[PDB]
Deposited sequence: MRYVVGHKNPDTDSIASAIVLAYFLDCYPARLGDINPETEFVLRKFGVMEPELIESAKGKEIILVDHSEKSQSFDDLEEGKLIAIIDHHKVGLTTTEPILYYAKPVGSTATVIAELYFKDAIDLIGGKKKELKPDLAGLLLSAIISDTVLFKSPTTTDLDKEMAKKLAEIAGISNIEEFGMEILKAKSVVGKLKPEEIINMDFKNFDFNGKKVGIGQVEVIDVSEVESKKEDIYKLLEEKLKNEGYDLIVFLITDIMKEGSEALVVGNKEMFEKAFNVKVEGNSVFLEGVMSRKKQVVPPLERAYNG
């Protein structure tokens, strides 16, 4: 009756935070979509099973992790009962009743959970005060690394590193740098998938001043792979744009090594141009984080 769920097109933070929190809250973990390769890698590595799929909150109690935007959560959230939101994004969700809300401007939701655990404050968000086994500690570690892109992303903070170090200990990972590289590789395999799989792997929806806007992403070590599919990708996006009523779609081809992204712009390029473009896209040096470096200047332009 009570579930912990991350956002649609869940990433590692959403799956790991849901699983670990469900453990401390003594309820059910779940996912609002399929898990990507990087997550499949981690769950398999630490021996944790994939959470059950959930698509409707109707008649259920829900704890949301890693997001606060209706567009990224249940469509029928109102028909269920929101219990809590543990996140690290800007406040985007409004509620009708008091809920347990805990957000911090850090690198991942796992970082937030972990800090509460080591600080002996898990009970502050309903946690039962149980031990954090190495398998779960491995999930949280992977979430931090996944979310911060091995501490290279500008959303990375001191708390993120400090927590990674501690979790790495309980998890038994001696070389975070190397384990992290393994994670960055699993993240990269997305490039070998079909264009449709690539776009729907990590796409997020936003509502900037009434205009539906989507921002997808791909994070690879070597962009060569995705670039050969770029044309087909950009094509499927133009279709998605018109067929699903988007006013704009930004697709980030993030090069992990150059720490910058090629931003494919679909739809209202004017707004994009006003927010930050020769033809297909443009490269944005140093841009890696959607939430930190792309959503803000974009929302600022739609309601300004």
Deposited sequence versus model: which ranges have no CA atoms? 277-279
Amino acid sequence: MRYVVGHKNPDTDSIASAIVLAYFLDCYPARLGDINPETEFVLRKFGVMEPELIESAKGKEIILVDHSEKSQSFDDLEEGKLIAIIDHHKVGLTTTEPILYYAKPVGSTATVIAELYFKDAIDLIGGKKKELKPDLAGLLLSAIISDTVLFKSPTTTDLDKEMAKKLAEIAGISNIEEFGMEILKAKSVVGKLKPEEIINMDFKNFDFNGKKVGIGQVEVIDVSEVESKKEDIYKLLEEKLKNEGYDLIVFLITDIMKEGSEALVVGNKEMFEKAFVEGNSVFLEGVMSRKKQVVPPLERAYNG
From here on, numbers count along this sequence of modelled residues.
When the C-alpha temperature factors are averaged for each of 282-290 and 10-18, which stretch ends up with the higher value in the entry? 282-290
Going by the B-factors listed in the PDB entry, is the mean over the C-alpha atoms higher for 111-119 or for 174-182? 174-182
With respect to the C-alpha temperature factors reported in the PDB entry, which of 222, 75, 97, 135 ranks highest? 222
One of 201, 193, 125, 168 has the largest Cα B-factor in the entry, namely 168
If you rank the chain by CA B-factor, which third does residue 147 end up in: lowest, middle or highest? middle
For the chain shown, is the CA B-factor of residue 45 in the lowest, middle or highest third of its modelled residues? middle
Chain third (lowest, middle, highest) by recorded CA B-factor, residue given as residue 52: middle
Residue 208: which third of its chain by C-alpha temperature factor? highest
Modelled-residue ranking by C-alpha temperature factor, third containing residue 268: highest
